[PDB]
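Number of protein chains: 4
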Amino acid sequence: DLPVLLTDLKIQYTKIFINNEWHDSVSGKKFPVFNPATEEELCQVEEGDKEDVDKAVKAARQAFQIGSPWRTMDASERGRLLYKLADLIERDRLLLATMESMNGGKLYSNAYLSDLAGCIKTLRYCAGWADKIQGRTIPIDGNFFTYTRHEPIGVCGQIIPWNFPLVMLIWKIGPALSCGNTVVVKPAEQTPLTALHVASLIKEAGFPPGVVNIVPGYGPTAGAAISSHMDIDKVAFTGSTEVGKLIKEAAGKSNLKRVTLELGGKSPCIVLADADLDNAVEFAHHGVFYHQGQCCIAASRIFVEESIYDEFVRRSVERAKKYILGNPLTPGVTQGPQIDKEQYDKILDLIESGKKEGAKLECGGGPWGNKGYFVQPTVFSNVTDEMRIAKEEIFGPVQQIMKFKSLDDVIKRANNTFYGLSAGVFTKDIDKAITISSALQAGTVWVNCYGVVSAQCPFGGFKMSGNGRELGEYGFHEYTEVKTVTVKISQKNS
Amino acid sequence: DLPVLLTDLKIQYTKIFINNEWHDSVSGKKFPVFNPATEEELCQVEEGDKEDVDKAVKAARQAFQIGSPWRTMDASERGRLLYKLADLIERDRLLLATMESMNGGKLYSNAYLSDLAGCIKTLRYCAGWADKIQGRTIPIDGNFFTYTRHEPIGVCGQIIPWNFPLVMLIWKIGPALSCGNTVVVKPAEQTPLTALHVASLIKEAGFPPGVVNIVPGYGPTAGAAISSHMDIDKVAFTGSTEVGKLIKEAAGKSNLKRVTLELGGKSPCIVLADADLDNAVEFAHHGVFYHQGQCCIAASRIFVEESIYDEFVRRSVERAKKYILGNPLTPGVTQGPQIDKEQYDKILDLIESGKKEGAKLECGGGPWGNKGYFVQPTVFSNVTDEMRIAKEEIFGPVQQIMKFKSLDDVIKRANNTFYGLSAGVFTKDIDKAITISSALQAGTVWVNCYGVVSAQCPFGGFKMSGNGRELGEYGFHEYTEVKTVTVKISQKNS
Amino acid sequence: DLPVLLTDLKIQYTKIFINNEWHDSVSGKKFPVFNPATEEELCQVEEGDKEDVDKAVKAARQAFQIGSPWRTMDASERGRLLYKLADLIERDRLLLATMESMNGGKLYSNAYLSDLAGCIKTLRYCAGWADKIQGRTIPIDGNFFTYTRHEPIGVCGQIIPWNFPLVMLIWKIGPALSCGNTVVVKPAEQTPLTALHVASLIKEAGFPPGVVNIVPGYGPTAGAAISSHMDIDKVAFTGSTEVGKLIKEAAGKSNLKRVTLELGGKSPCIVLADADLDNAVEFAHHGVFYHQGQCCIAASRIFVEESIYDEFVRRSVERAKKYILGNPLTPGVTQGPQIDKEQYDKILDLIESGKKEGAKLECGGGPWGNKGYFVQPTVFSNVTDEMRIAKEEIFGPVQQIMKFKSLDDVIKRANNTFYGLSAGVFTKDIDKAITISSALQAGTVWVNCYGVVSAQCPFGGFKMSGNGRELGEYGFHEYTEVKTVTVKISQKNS
Amino acid sequence: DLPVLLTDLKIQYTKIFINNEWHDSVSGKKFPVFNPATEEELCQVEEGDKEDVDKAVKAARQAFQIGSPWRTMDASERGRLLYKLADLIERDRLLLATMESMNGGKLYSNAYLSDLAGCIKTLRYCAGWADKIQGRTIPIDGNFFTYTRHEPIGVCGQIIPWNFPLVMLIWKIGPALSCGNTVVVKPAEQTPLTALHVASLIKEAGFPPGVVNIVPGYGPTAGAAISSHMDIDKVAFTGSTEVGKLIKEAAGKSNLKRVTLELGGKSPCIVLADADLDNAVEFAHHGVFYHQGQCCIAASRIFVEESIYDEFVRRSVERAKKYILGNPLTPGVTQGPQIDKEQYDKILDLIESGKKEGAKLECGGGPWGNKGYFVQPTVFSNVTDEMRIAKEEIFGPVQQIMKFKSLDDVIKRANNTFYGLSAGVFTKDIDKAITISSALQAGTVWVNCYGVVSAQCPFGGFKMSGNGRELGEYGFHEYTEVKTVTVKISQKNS
Ligand SMILES: C[C@@H](Sc1nc2c(cnn2C)c(=O)n1-c1ccccc1)c1ccccc1
Ligand SMILES: C[C@@H](Sc1nc2c(cnn2C)c(=O)n1-c1ccccc1)c1ccccc1
Ligand SMILES: [Cl-]
Ligand SMILES: [Cl-]
Ligand SMILES: [Cl-]
Ligand SMILES: [Cl-]
Ligand SMILES: [Yb+3]
Ligand SMILES: [Yb+3]
Ligand SMILES: [Yb+3]
Ligand SMILES: [Yb+3]
Ligand SMILES: [Yb+3]
Ligand SMILES: [Yb+3]
Ligand SMILES: [Yb+3]
Ligand SMILES: [Yb+3]
């Protein structure tokens with residue numbers, strides 16, 4: 008079932024959230040938030056800058072002090088607070104899904120059934136880890152008792168993207184809080200609204216003040232203050248590889264803060280001749296077109312064995328011609344707008360390069376509508392490796408389909424990129440499934456599927472698609488700092 | 008027993024090591040290597056620069072290719088090769104300890120009994136992990152089989168310091184090789200010799216070509232080529248916090264390579280009134296003066312409770328006046344030289360600041376001898392927190408002793424530094440031992456001891472003393488890259 | 008705050024629970040359930056026997072079949088069902104605490120504040136593990152892909168004691184269900200009632216039918232049917248060491264089912280001269296007298312250093328004379344009855360042996376009241392090692408206090424028992440705390456405390472106090488069965 | 008290459024090994040050891056009985072005492088001793104392989120290339136774990152510091168089978184010693200000799216006295232003394248399911264010692280129509296006929312899809328007719344004798360049942376030669392599920408081949424046994440490989456292979472094929488005993 012909000016959405020939370028209270032910006036300035044489907048202003052939000060980030064860090068630092076409620080409470084109680092927060096997001100699911108759709112240009116069906124479900128499920132997963140984070144006792148050489156503490160790191164600056172505002176907010180704060188950190192969150196300038204509603208729920212759930220602080224504002228100002236801050240211990244960022252480089256540089260230049268990055272991709276699929284063809288067509292299609300192509304895992308290079316290539320292209324094109332564009336709140340609509348002008352312009356520019364560089368336009372290839380940042384769903388066949396559409400992350404509804412005849416070569420071509428977020432392998436051959444997935448230089452390899460993401464799995468990039476992993480058991484390591492304690496004793500025994 | 012080499016040391020290995028063969032530098036240039044005890048040139052070594060680092064990376068990359076001997080061999084066989092290398096270092100222990108002492112200005116007794124023992128033991132520990140590096144199978148939501156591979160990362164650039172050339176070489180290459188990486192090692196410009204001997208043993212042990220490549224040369228040239236290299240996947244560096252910042256910046260600027268850093272410290276000890284006094288005096292003394300103070304963990308701020316402060320200072324000063332300075336090869340000598348002019352000048356400058364800023368000079372405080380970079384063992388009492396000798400890493404035989412009356416305050420003072428490598432707590436109180444060690448912002452906290460390092464423990468800094476951990480179970484994580492493989496199935500069962 | 012049930016308790020659930028429905032016994036027989044405070048019959052309950060256990064196993068086996076809802080549901084959803092069950096127990100906390108107090112002779116204050124809190128907390132802990140149970144991927148020798156599945160074992164027969172009916176029900180079913188097993192629970196003949204209420208909540212929460220089956224009845228009939236059953240995969244039992252031996256024998260004789268046992272103890276405390284005396288007196292007192300002494304961890308031998316022995320005995324005796332005996336539902340009452348006649352008779356017999364064998368009776372030593380199985384709180388000093396009260400588990404409010412002068416000897420005396428459930432060490436000496444706790448042959452050693460139990464810790468006996476551990480990360484291993492899957496491939500890569 | 012011993016084998020070690028010295032039996036009795044290929048007596052060996060087991064346990068107990076060399080030595084040094092033992096077995100490989108072949112009736116080629124290689128490799132694997140056995144630090148509720156120690160269990164009685172004397176000796180002692188236990192080993196009455204040679208190497212390697220004690224003798228006497236012993240903490244047994252039941256009973260009856268069992272099987276293979284046929288034929292053939300069929304994993308029921316059944320039977324029969332029977336020391340011989348008369352008689356009896364119950368004899372079916380316990384390699388087709396040869400472990404060179412048409416049904420038939428050691432699945436279908444292996448109730452499932460065993464994998468049975476696992480990370484758990492230490496503190500921090 009797909010239920011809907013019965014009254015119109017009223018925007019309430021538009022301020023900076025520090026020590027569980029609502030703050031005007033230090034400057035007093037505010038910035039507009041827009042609906043990408045209408046190009047109309049929804050509201051104004053307080054514009055946080057370096058001075059506001061500074062207030063947030065002081066609050067996070069104080070909440071992190073030895074003897075504070077957040078440091079001293081039972082790990083099980085940090086878990087309890089996270090599960091309570093998940094219950095509250097579940098209570099406000101209609102409200103949050105509507106706001107997410109309206110602000111983010113995100114199909115409401117997906118916002119409600121996928122984004123909100125994933126947000127609730129990830130929080131509950133993270134809640135479960137809280138009192139299961141454990142160090143070791145270690146049989147060191149000599150007469151010593153050695154143990155380790157897996158402590159929280161401290162204050163964690165977290166910069167959230169616009170493409171999955173709620174999901175990414177929870178992917179950041181869930182593990183950080185489960186491990187006992189305090190956070191300073193900087194939601195995307197395009198999509199601050201749902202994060203600020205979640206802040207109200209953090210207060211309601213009973214988190215101690217300063218444990219979660221949310222400073223909306225811009226990248227170059229608030230994001231650059233977080234990255235260069237001398238008392239932020241760690242920064243996590245999801246976004247473009249370009250900005251990831253600048254984050255990593257500012258961390259090294261300032262206080263050597265720990266850095267994790269989830270960045271873009273140019274993720275390949277390899278479709279062997281023996282693949283289940285309609286399954287491969289459907290998953291590759293959804294793999295590239297999901298959320299108007301605005302996924303870092305977008306399956307933006309599809310390599311198909313020559314003998315099934317024409318049939319793959321044909322089936323793919325017919326699937327791509329079945330969309331209904333429009334406002335993402337209207338039922339039956341199956342493709343919303345792109346997030347803003349900058350992204351819209353980038354996508355159209357890259358579509359034009361595909362045309363100019365000699366790719367075969369199968370469908371789409373231009374804008375749509377009288378308002379909103381809409382781009383027609385586009386398919387290119389006969390794509391070659393030095394084309395811009397084969398090398399650059401488009402972040403739009405633009406599919407590239409390529410042929411191959413040699414498996415050795417297509418693996419090289421798949422790996423011949425500075426990216427490495429994910430990949431897809433489609434085959435009925437057991438040996439090929441295992442050997443190809445082993446050889447691909449990508450963080451997640453899907454076999455006979457694509458875009459399957461769950462809280463129980465680690466997720467992140469090889470190469471310039473990122474540093475570190477999120478979620479799973481393994482992701483939690485990056486929100487702890489290991490302390491070794493070695494105690495002199497008279498005599499040890501095994 | 009302390010055995011010695013029966014014939015004089017002959018230097019054999021002075022060339023760049025790539026694909027298990029000895030290479031002249033591309034330029035043809037060579038650089039001098041000196042003995043810090045005599046200031047005399049021992050030999051010339053080939054000067055590697057960006058062009059040589061480029062050759063080494065290509066060799067490491069080729070050895071890392073899917074289907075290569077190093078990728079395809081049993082994990083147990085990578086372990087076997089490491090244990091064989093440890094056996095060979097054990098065979099050449101006299102030779103290596105002598106060379107280490109001669110080149111590094113390191114007391115031979117310590118070089119033989121500690122450095123070489125630690126080198127052999129760490130390698131054997133690392134060898135044991137090789138076929139115990141494991142991913143997971145994960146009960147993901149939905150009908151999927153999900154597993155993870157903990158793969159080697161790939162080509163790892165490793166920059167080794169001059170203070171423990173052999174130990175640090177093994178701390179880098181042992182875990183990297185155990186996990187299946189290939190390496191490009193850049194030993195310190197001051198101490199290339201023992202690394203090049205180990206390279207000959209890597210060949211003898213039977214490691215495939217290109218798995219370990221060693222390029223001697225300078226920091227600004229060879230180190231900056233490694234840090235900015237577009238096909239190096241990871242960089243590990245031990246050294247000054249200053250250079251660590253530049254490494255982290257160059258990694259972000261170039262290819263977002265993974266970075267681990269073990270950097271300096273200003274490590275504190277807290278000595279409570281109830282402490283075993285002579286134990287605390289002895290460990291704090293060795294904690295600061297070991298290897299002419301040239302340890303990143305140097306216990307360079309010693310806080311002592313007021314009532315035992317005078318007695319602690321008295322006992323410490325008498326311990327510090329018992330050294331015999333001279334050539335580190337002569338038996339009975341108990342303090343060698345500093346490594347070079349740059350470090351020598353820095354130490355004397357900081358000693359002069361202590362005098363000028365009003366610290367109480369208890370002993371030492373000047374140079375020694377007619378040749379060699381010797382500094383008298385120096386003790387300052389009545390040190391205050393804004394003195395240069397309390398804030399800056401000296402990296403010399405210079406002890407600082409401070410008084411405290413409040414435990415709350417001394418913990419704040421201990422933590423009031425951008426460093427955080429290690430710390431010492433001396434007390435008979437169980438509760439104090441546990442609570443103080445928990446509250447200290449340091450990677451290793453010793454209780455009633457100091458400088459106890461073993462292969463089974465993770466080791467590394469909080470804050471600007473580093474990123475990541477070395478050794479232990481936990482250290483091995485940073486030499487793997489996690490890949491998630493998610494396979495569509497018809498029906499899963501628990 | 009201590010809230011109470013506003014109306015009188017009405018007993019509703021008195022039947023056998025199979026496939027989420029209420030069953031009469033196959034024979035049609037029923038057995039009486041009593042209140043140990045009044046000796047009055049509360050109700051009748053259906054008497055399950057081998058024929059009913061057989062029906063329960065068939066139901067558990069069917070729920071465990073490949074393709075069943077319980078096998079195929081997301082691990083996260085097994086977790087969700089457990090957290091929902093915890094919410095329901097929390098909703099019915101007053102009801103359950105009252106029933107537990109009334110049926111079990113358990114102080115209501117403790118039943119509400121401790122037992123019910125522990126029950127809710129343990130379930131929530133277990134819920135968190137459900138989708139965090141993971142196998143491995145393993146770098147086996149040769150060209151193979153090897154992974155492991157940590158599968159549920161299957162049908163688990165679980166025999167629950169009368170002393171903590173609710174807590175022990177949850178300690179059994181929580182981990183078993185989290186791991187994906189199905190269960191056949193056999194609550195104590197004395198205390199079936201709270202388990203049957205929880206069964207109604209298992210139905211309400213939405214667990215699939217047959218996942219949890221509860222067969223009340225006697226030990227020799229229903230317990231012996233479970234232990235000897237040919238299609239029960241595992242048996243877990245908490246109870247006397249005597250019956251544990253019979254369970255282990257019947258498992259070996261029948262189908263080699265896996266066995267875990269948590270059995271009795273004769274747990275020692277060692278109180279050194281430097282101990283915080285009133286802390287040691289208070290914890291040792293609570294350690295032996297908690298729940299009328301009916302805890303397997305009862306601190307039933309207290310060894311005190313000679314110089315503080317007289318003062319320890321004095322303070323202990325005055326603490327023991329402060330109880331108010333009576334109905335465990337009346338506020339202000341601080342000691343309830345023993346569970347039944349058999350236990351009552353055993354306790355009085357052992358008290359008489361202490362008198363006859365020459366122990367010094369400090370207080371108590373006889374029965375109390377006109378009805379209920381009440382025993383005066385009793386303290387013996389000058390206890391020696393060959394007395395019955397020093398060797399045999401009393402399971403009653405009977406404290407034994409002994410002197411020692413040698414630490415070597417008292418450790419030997421502490422370890423000189425076939426039991427080994429737990430122990431207590433009281434000292435201010437760091438070295439003694441670590442070395443004594445290492446040397447004691449006991450599963451849980453408390454330092455400067457006693458009886459501190461939490462869901463995050465493994466718990467179980469050394470020697471004849473048990474096989475296996477419950478709770479913690481480690482406890483979950485015993486509710487999985489490891490399957491290795493090794494797949495031939497053409498070429499492996501690291 | 009296959010090198011051979013240059014002089015004839017001389018038997019040296021024939022005595023009981025206690026405290027690293029050679030002991031006559033207490034009775035003075037000795038028992039004969041035979042060559043199964045000639046039926047000739049090789050030597051006499053001291054017959055250990057309960058009195059000798061008692062001496063061994065006292066020695067093991069003393070070596071296990073707190074403060075002993077084995078308890079106090081570095082974990083890394085226990086590892087060193089194991090790697091040294093592996094080096095010594097490698098030195099004596101020719102000698103040991105020859106003795107193993109001669110005493111065990113085991114093909115020399117296999118004894119040298121497989122058994123000895125596996126023995127050396129498993130020891131080296133186990134050596135690596137020694138200083139990697141670690142407990143935890145745990146964020147318990149309340150103000151406590153909680154850690155766990157993964158201690159050795161203590162004295163471990165280990166009963167070794169005759170089919171792989173050396174491999175099984177090492178599978179037992181390697182993990183037990185790595186974890187810090189002491190052992191009392193009881194090699195098979197048929198094959199004591201190689202174990203006693205290894206005992207001499209344990210002395211040479213420098214293991215402390217009493218750490219390894221070896222008591223040769225019979226099952227009903229020495230094995231029953233170990234199983235019922237009141238001061239043996241754990242028993243591990245590999246052998247028949249029949250004796251496993253008696254071990255488990257005697258453990259429960261005596262001191263509740265921990266029990267692990269690796270018992271027989273009736274392991275199935277499922278060969279789907281799409282399988283690589285010659286690969287499936289070859290692996291299934293080796294799966295049943297390896298070491299004269301005397302493997303607990305013997306692939307003794309082969310289910311083949313109807314359409315390829317006739318061709319599978321044909322190819323299997325031709326493979327089975329290619330053996331050369333004779334003395335296992337003669338090169339070119341490819342099938343040795345069975346171990347003794349009891350096993351020989353059992354095999355022939357079961358072959359006769361196959362004939363009488365209506366199975367189709369394809370080849371073999373009788374004895375061979377004038378001396379030695381030789382049985383012709385035998386193949387039965389058209390085997391049905393209620394035949395003795397389909398239900399009972401034969402432990403001989405006797406292959407059973409069955410047809411199936413339904414996959415649902417053949418899985419039920421495969422699982423319809425009280426055994427569950429291992430299984431084989433042969434298919435090219437990815438989904439079938441994963442789903443069938445998940446559904447099979449067996450400890451190891453091989454996919455497109457069979458009998459692939461390595462030290463890095465856990466190994467053991469489901470159901471009546473065993474309790475617990477050996478080797479791998481998971482196997483090491485069963486040689487530790489977990490102790491929780493919970494320390495009261497003033498205030499905890501995360
Ligand atoms: C909503 C999903 S995430 C998710 N689902 C997707 C994508 C493309 N197609 N689909 C169906 C995608 O790119 N993400 C995503 C991945 C990483 C970071 C952010 C978003 C989820 C699932 C389980 C738990 C939480 C979130
Ligand atoms: C030689 C030791 S390391 C070692 N031993 C020391 C130090 C100061 N006093 N002492 C006795 C010290 O700073 N290091 C060290 C620590 C980290 C990196 C490099 C060196 C060792 C021990 C065990 C295994 C390997 C190496
Ligand atoms: Cl993982
Ligand atoms: Cl750790
Ligand atoms: Cl544990
Ligand atoms: Cl495992
Ligand atoms: Yb299909
Ligand atoms: Yb427009
Ligand atoms: Yb002392
Ligand atoms: Yb000079
Ligand atoms: Yb006190
Ligand atoms: Yb009575
Ligand atoms: Yb083939
Ligand atoms: Yb014969």
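Protein chains in written order, with full-length UniProt numbering: chain A, 8 to 501; chain B, 8 to 501; chain C, 8 to 501; chain D, 8 to 501. Cβ coordinates follow ideal geometry from the N, Cα and C atoms, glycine included.
Backbone CA spacing between residue i and residue j [nearest angstrom]
| i | j | result |
| --- | --- | --- |
| B/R420 | B/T201 | 40 Å |
| A/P10 | A/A118 | 12 Å |
| A/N220 | A/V191 | 5 Å |
Interface flag, residue i vs chain C, CB-CB below 9 Å
| i | result |
| --- | --- |
| A/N455 | no |
Residue i: CB within 8 Å of a non-hydrogen atom of ligand 8
| i | result |
| --- | --- |
| A/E46 | yes |
Residue i, buried or exposed, once every other Cβ within 10 Å from all chains shown has been counted against 16
| i | result |
| --- | --- |
| residue 538 of chain A | One cannot answer for residue 538 of chain A here, as it falls past the ends of chain A, which runs 8 to 501. |
| B/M394 | buried |
First through last residue of the alpha helix (DSSP H) which encompasses residue i
| i | result |
| --- | --- |
| D/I177 | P172 to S185 |
| B/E211 | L200 to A212 |
Cβ of residue i within 9 Å of any chain A Cβ
| i | result |
| --- | --- |
| residue 513 of chain C | Nothing about residue 513 of chain C can be read from this structure; chain C reaches only from 8 to 501. |
Residue range of the unbroken beta strand (DSSP E) whose run includes residue i
| i | result |
| --- | --- |
| B/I25 | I23 to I25 |
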